[PDB]
Structure formats: C-alpha cells, structure tokens
Amino acid sequence: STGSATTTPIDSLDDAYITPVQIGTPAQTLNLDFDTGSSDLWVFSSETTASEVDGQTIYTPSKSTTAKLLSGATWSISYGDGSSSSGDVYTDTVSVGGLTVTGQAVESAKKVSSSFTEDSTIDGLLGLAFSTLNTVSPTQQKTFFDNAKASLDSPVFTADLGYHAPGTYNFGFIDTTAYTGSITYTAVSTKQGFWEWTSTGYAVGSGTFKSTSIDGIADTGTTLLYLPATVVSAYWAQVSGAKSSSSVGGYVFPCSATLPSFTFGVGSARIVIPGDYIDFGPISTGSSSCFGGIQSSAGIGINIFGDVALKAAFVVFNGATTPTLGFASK
C-alpha cells in the first residue's frame with residue numbers, strides 16, 4: 001500500500017504545516033502537525049478541557065463506531081519549546097492520504113498548554129519519530145508509520161515541505177518526479193529515538209565549505225534550524241546589523257537586509273537553503289527588526305534540522321531494518 005497527502009503551511013511564515021488525517025468511522029478529519037521529532041498521535045477531543053479549546057476541530061470518540069477505549073492507558077508529553085499535553089487513549093482507524101491503519105492509538109487530550117490552545121489551526125500532532133519515544137503508559141504504543149510499515153510497498157515515508165506553499169508527505173514510495181539529481185543517503189542513530197544523523201559541514205552564502213561533523217535531528221515539528229553557536233555566529237556575521245538579542249530570544253536582523261543562503265552537507269552532497277527561507281519577519285507587528293531562521297542550539301542540547309532546513313530538500317525517512325535518511329535537492 002501507499003499514501004499521499006498534501007501538507008499546508010499554517011501561516012505566512014511557514015511556522016508549521018498541517019496535514020488532513022481521517023480518524024474513526026464515519027471519518028472525522030482533523031488537521032495534524034506531522035512531527036518527525038516525536039512519537040505520539042494526539043488530538044484535541046470531546047474530552048479536552050473546554051476552556052483550552054479555541055477553534056480547533058475535535059475528535060469525538062463516542063461518534064466513531066470503531067473507537068475503543070484503551071483501558072487504563074494515559075499519556076503526557078512535553079515538547080522542546082516547553083509546550084505540553086496529556087490525556088487518555090483510544091484505538092481507532094486512522095487514514096492518511098489513502099493509507100489506512102486499523103487499531104491505531106489515538107491519544108485524546110484532556111489538557112493542553114496555552115500555545116496549543118492559542119493555535120486554532122493545529123488539531124493535534126502525528127508523531128513520526130521512533131516508537132521508543134511514545135509516552136503512553138503502562139503499555140507504550142506504536143506510531144502510525146510503525147503500524148503501517150509492513151503493509152507499505154517500501155518501508156519509507158518522505159517529507160517534501162514547501163516554502164510559502166503546500167507540499168507533500170508520501171508513505172510507502174519515493175516519487176522520483178519530486179526532486180532533482182540523486183538522493184544521498186546517510187546513516188541514522190536511533191539511540192535517542194530520533195532521526196539523528198551527522199551533517200558533513202556548512203557554507204555561508206558563496207563562501208567556502210567548512211568540513212565539520214554536525215550531529216542533529218531531522219525534525220519536521222520544529223520551525224527553525226538550530227546549530228552550534230560557532231556556525232550560527234559565522235552565518236549572522238555576514239548580515240549587516242544582525243545581533244543576538246537576549247530580550248527577543250535569538251538572532252535578529254534588520255528587515256531591510258538581503259540574507260545570504262546557507263548550505264549544509266549530506267555526505268559529499270550539498271543542500272542549499274535560500275536566504276529568503278531564513279527570514280521569519282518582524283519580531284512584533286510593525287517592527288523593522290526581523291527574527292532569524294537560523295538560531296543557536298546551545299542549551300537545547302541537540303542540533304535540530306527543522307523546517308527551515310528540511311523544506312530546502314526532498315527528504316526520505318527510510319524505516320528499513322537499519323534506518324537511514326536521504327536528502328535530494330528539488
């Protein structure tokens with residue numbers, strides 16, 4: 001089997017992407033944030049504290065003839081940005097782009113943190129990291145991909161995120177029309193539960209490539225590119241007036257700037273992030289100070305190849321017995 005679904009930016013900055021997902025019978029379609037950096041599929045629901053729901057579409061398990069309470073199971077997750085959610089668990093039928101999994105754990109939110117409430121466009125998350133990170137207790141549950149894998153034509157999914165435009169998540173096949181040149185594959189460590197890999201270096205603008213190993217995660221659920229402070233300083237040094245602002249919480253730059261590109265290495269291959277992808281707009285409405293899309297990972301504890309990086313590529317998440325990641329230009 002295969003599936004193919006369009007993923008759409010939630011706003012004009014590509015802060016996140018939503019993908020429609022069918023849950024239950026009859027289908028209830030929710031727009032979920034596909035997150036290769038986590039492993040829980042959780043939704044706003046009829047059980048979510050009423051004051052914490054503000055415009056989201058909710059899953060109502062009582063209206064699904066295939067929903068079953070997973071007795072005794074609870075979940076609770078805290079994300080890197082300090083957001084969080086928790087609740088109980090149903091199993092139900094879940095379909096993405098024509099690909100159906102029966103008995104998928106659908107984690108129903110009883111509580112969500114303010115950032116989730118305040119984002120009316122995201123109805124929940126669909127985790128695509130390794131199932132070892134799934135938070136369901138006392139019986140850990142599998143991700144949608146893990147459940148689907150054996151049925152897929154090939155045990156892969158691909159992320160093709162757009163810049164200020166829709167893109168695509170495919171399951172079970174590689175669309176050879178969706179990228180240019182060849183796909184370069186690179187090793188993955190699953191030791192931390194993430195799609196963790198080692199970039200071979202970077203360049204800033206038209207500058208020379210610096211060969212250096214940068215271990216990080218491919219994380220579709222993180223907006224920005226978080227890299228070591230040395231790398232980030234080298235980038236922003238090429239932008240007149242750019243500075244790190246502790247009050248704002250990262251590098252800012254004059255909105256009048258033209259940003260240089262940033263290149264990262266995948267083996268001997270190179271992915272170029274155009275300068276415009278690195279512009280996250282005014283820090284507050286009407287400000288001429290703009291927020292940078294490349295930020296320091298210092299004090300996160302891990303480097304993160306988030307959407308800023310991934311949307312410059314066609315990315316293969318290869319879930320074969322030994323997982324790997326592939327990157328192609330597009």
# chains A, B, ... in the order shown; residues from 1 in each chain; ligands from 1
>>> residues_around(residues="residue A:236", least_positions_apart="5", cutoff="10 Å", atoms="only C-alpha atoms", output="compact mmCIF listing (two decimals) with N, CA, C and O atoms, in the first residue's frame")
# COMPACT_ATOMS: atom_id res chain seq x y z
N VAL A 204 28.35 29.47 4.18
CA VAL A 204 27.52 30.66 4.28
C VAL A 204 27.61 31.42 2.97
O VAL A 204 28.70 31.81 2.54
N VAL A 231 28.74 28.05 14.31
CA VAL A 231 28.16 28.03 12.96
C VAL A 231 27.20 29.21 12.78
O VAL A 231 27.22 29.92 11.77
N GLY A 241 24.25 44.50 10.70
CA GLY A 241 23.31 44.86 11.73
C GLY A 241 22.70 43.70 12.49
O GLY A 241 21.95 43.91 13.43
N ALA A 242 22.99 42.46 12.10
CA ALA A 242 22.44 41.33 12.83
C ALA A 242 23.10 41.20 14.19
O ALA A 242 24.29 41.48 14.34
N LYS A 243 22.33 40.77 15.17
CA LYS A 243 22.85 40.61 16.52
C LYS A 243 22.02 39.59 17.27
O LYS A 243 20.86 39.34 16.92
N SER A 244 22.61 38.99 18.30
CA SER A 244 21.86 38.12 19.19
C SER A 244 21.25 38.98 20.28
O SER A 244 21.96 39.71 20.98
N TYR A 251 18.89 35.55 17.47
CA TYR A 251 19.39 36.46 16.46
C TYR A 251 18.25 37.17 15.76
O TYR A 251 17.27 36.54 15.32
N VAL A 252 18.43 38.48 15.64
CA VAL A 252 17.55 39.36 14.89
C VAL A 252 18.40 40.11 13.88
O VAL A 252 19.63 40.19 14.02
N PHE A 253 17.75 40.64 12.87
CA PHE A 253 18.45 41.33 11.82
C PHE A 253 17.56 42.42 11.23
O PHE A 253 16.34 42.37 11.35
N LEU A 259 19.31 38.39 2.89
CA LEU A 259 20.02 37.35 3.61
C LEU A 259 20.80 36.45 2.67
O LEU A 259 20.31 36.10 1.60
N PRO A 260 21.99 36.01 3.10
CA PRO A 260 22.73 35.01 2.33
C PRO A 260 22.11 33.64 2.49
O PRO A 260 21.42 33.35 3.47
N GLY A 292 15.55 35.81 12.93
CA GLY A 292 16.30 34.89 12.09
C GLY A 292 15.84 33.44 12.14
O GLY A 292 15.40 32.94 13.17
N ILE A 294 17.87 30.83 11.48
CA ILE A 294 18.98 30.02 11.97
C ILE A 294 19.32 30.56 13.35
O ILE A 294 19.57 31.76 13.51
N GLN A 295 19.30 29.68 14.34
CA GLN A 295 19.48 30.07 15.73
C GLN A 295 20.40 29.07 16.40
O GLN A 295 20.61 27.95 15.92
>>> residues_around(residues="stretch 79-87 of chain A", least_positions_apart="4", cutoff="8 Å", atoms="only C-alpha atoms", output="PyMOL selection string")
chain A and resi 74-75+107-116+300
>>> write_last_selection(atoms="C-alpha atoms", output="PDB file, in the first residue's frame")
ATOM      1  CA  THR A  74      -2.692   7.533  29.777  1.00  0.00           C
ATOM      2  CA  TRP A  75      -0.184   9.813  28.098  1.00  0.00           C
ATOM      3  CA  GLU A 107      -4.306   9.873  22.246  1.00  0.00           C
ATOM      4  CA  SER A 108      -7.169  12.068  23.360  1.00  0.00           C
ATOM      5  CA  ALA A 109      -6.172  15.301  25.073  1.00  0.00           C
ATOM      6  CA  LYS A 110      -7.733  16.127  28.408  1.00  0.00           C
ATOM      7  CA  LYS A 111      -5.299  19.020  28.900  1.00  0.00           C
ATOM      8  CA  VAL A 112      -3.222  21.121  26.530  1.00  0.00           C
ATOM      9  CA  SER A 113      -0.865  24.012  27.255  1.00  0.00           C
ATOM     10  CA  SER A 114      -1.603  27.565  26.197  1.00  0.00           C
ATOM     11  CA  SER A 115       0.444  27.523  22.991  1.00  0.00           C
ATOM     12  CA  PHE A 116      -1.739  24.698  21.667  1.00  0.00           C
ATOM     13  CA  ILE A 300      18.891  22.855  23.735  1.00  0.00           C
TER      14      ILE A 300
END
>>> closest_residue(among="A:271, A:187, A:308, A:174", to="residue A:219", atoms="only C-alpha atoms")
A:308
>>> select_by_dssp(residues="stretch 130-197 of chain A", states="alpha helix (DSSP H)", output="number ranges by chain")
A: 144-148
>>> closest_atom_pairs(of="stretch 160-226 of chain A", to="stretch 309-316 of chain A", cutoff="12 Å", atoms="only C-alpha atoms", output="CSV")
residue,atom,partner,partner_atom,distance
A:160,CA,A:314,CA,5.0
A:161,CA,A:311,CA,4.5
A:162,CA,A:311,CA,5.7
A:163,CA,A:311,CA,6.4
A:164,CA,A:311,CA,9.8
A:165,CA,A:311,CA,10.2
A:166,CA,A:311,CA,10.5
A:167,CA,A:311,CA,8.9
A:168,CA,A:314,CA,9.7
A:169,CA,A:315,CA,9.8
A:170,CA,A:316,CA,9.4
A:171,CA,A:316,CA,9.9
A:172,CA,A:316,CA,10.5
A:173,CA,A:316,CA,9.6
A:174,CA,A:316,CA,7.8
A:175,CA,A:314,CA,9.7
A:176,CA,A:314,CA,10.1
A:177,CA,A:314,CA,10.6
A:178,CA,A:314,CA,7.3
A:179,CA,A:314,CA,6.1
A:180,CA,A:314,CA,8.9
A:181,CA,A:314,CA,10.8
A:182,CA,A:314,CA,10.2
A:183,CA,A:314,CA,8.2
A:184,CA,A:316,CA,9.4
A:185,CA,A:316,CA,8.3
A:186,CA,A:316,CA,10.2
A:187,CA,A:316,CA,12.0
A:188,CA,A:316,CA,11.7
A:195,CA,A:316,CA,10.7
A:199,CA,A:309,CA,11.7
A:202,CA,A:309,CA,11.9
A:216,CA,A:309,CA,11.6
A:217,CA,A:310,CA,10.6
A:218,CA,A:310,CA,7.4
A:219,CA,A:310,CA,8.1
A:220,CA,A:310,CA,7.2
A:221,CA,A:310,CA,10.6
A:222,CA,A:310,CA,10.1
A:223,CA,A:309,CA,9.1
A:224,CA,A:309,CA,7.6
A:225,CA,A:309,CA,6.1
A:226,CA,A:309,CA,9.5
>>> residues_around(residues="residue A:100", least_positions_apart="4", cutoff="12 Å", atoms="only C-alpha atoms", output="number ranges by chain")
A: 1-4, 21-24, 27, 92-96, 104, 144-145, 147-149, 151-152, 171
>>> write_last_selection(atoms="C-alpha atoms", output="mmCIF file, in the first residue's frame")
data_model
loop_
_atom_site.group_PDB
_atom_site.id
_atom_site.type_symbol
_atom_site.label_atom_id
_atom_site.label_comp_id
_atom_site.auth_asym_id
_atom_site.auth_seq_id
_atom_site.Cartn_x
_atom_site.Cartn_y
_atom_site.Cartn_z
ATOM 1 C CA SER A 1 0.000 0.000 0.000
ATOM 2 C CA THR A 2 0.881 3.667 -0.189
ATOM 3 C CA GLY A 3 -0.482 7.012 0.957
ATOM 4 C CA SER A 4 -0.022 10.578 -0.264
ATOM 5 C CA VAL A 21 -5.995 12.930 8.773
ATOM 6 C CA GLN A 22 -9.142 10.790 8.845
ATOM 7 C CA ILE A 23 -9.963 9.298 12.249
ATOM 8 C CA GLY A 24 -12.797 6.956 13.082
ATOM 9 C CA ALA A 27 -14.333 9.676 9.256
ATOM 10 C CA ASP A 92 -9.403 3.663 16.106
ATOM 11 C CA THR A 93 -8.983 3.593 12.350
ATOM 12 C CA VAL A 94 -6.654 6.282 11.028
ATOM 13 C CA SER A 95 -6.085 7.117 7.365
ATOM 14 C CA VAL A 96 -3.546 9.464 5.813
ATOM 15 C CA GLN A 104 -4.004 2.983 15.830
ATOM 16 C CA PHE A 144 1.237 5.459 12.575
ATOM 17 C CA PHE A 145 4.303 4.731 10.424
ATOM 18 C CA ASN A 147 1.883 0.299 12.346
ATOM 19 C CA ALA A 148 1.704 0.868 8.585
ATOM 20 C CA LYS A 149 5.229 -0.226 7.735
ATOM 21 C CA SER A 151 1.854 -3.115 4.612
ATOM 22 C CA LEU A 152 3.744 -0.431 2.692
ATOM 23 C CA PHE A 171 4.128 6.844 2.611
#
>>> closest_residue(among="A:117, A:134, A:301, A:286", to="residue A:51", atoms="only C-alpha atoms")
A:117
>>> closest_residue(among="A:158, A:212, A:143, A:206", to="residue A:6", atoms="only C-alpha atoms")
A:158
>>> atom_distance(atom1="atom CA of residue A:276", atom2="atom CA of residue A:11")
15.8 Å
>>> residues_around(residues="residue A:64", least_positions_apart="3", cutoff="8 Å", atoms="only C-alpha atoms", output="VMD selection string")
chain A and resid 24 to 27 60 to 61 67
>>> atom_distance(atom1="atom CA of residue A:66", atom2="atom CA of residue A:99")
16.7 Å
>>> select_by_dssp(residues="stretch 149-313 of chain A", states="strand (DSSP E or B)", output="number ranges by chain")
A: 156-160, 167-171, 184-187, 189, 196-204, 210-218, 225-227, 243-245, 250-254, 262-266, 269-273, 279-282, 289-292, 294-296, 303-305
>>> residues_around(residues="residue A:19", least_positions_apart="4", cutoff="6 Å", atoms="only C-alpha atoms", output="PyMOL selection string")
chain A and resi 7+31-32
>>> write_last_selection(atoms="N, CA and C atoms", output="compact mmCIF listing (two decimals), in the first residue's frame")
# COMPACT_ATOMS: atom_id res chain seq x y z
N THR A 7 0.49 18.69 2.57
CA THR A 7 0.73 19.38 3.82
C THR A 7 0.82 20.88 3.53
N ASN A 31 -6.78 18.26 11.21
CA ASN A 31 -5.55 18.74 10.59
C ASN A 31 -4.42 18.64 11.60
N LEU A 32 -3.51 17.70 11.36
CA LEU A 32 -2.48 17.37 12.34
C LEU A 32 -1.11 17.86 11.88
>>> closest_residue(among="A:267, A:193, A:228, A:326", to="residue A:302", atoms="only C-alpha atoms")
A:228
>>> closest_residue(among="A:249, A:205, A:20, A:72", to="residue A:261", atoms="only C-alpha atoms")
A:205
>>> residues_around(residues="residue A:127", least_positions_apart="2", cutoff="8 Å", atoms="only C-alpha atoms", output="list in words")
residues 34, 35, 36, 37, 38, 39, 40, 41, 125, 129, 143 and 144 of chain A
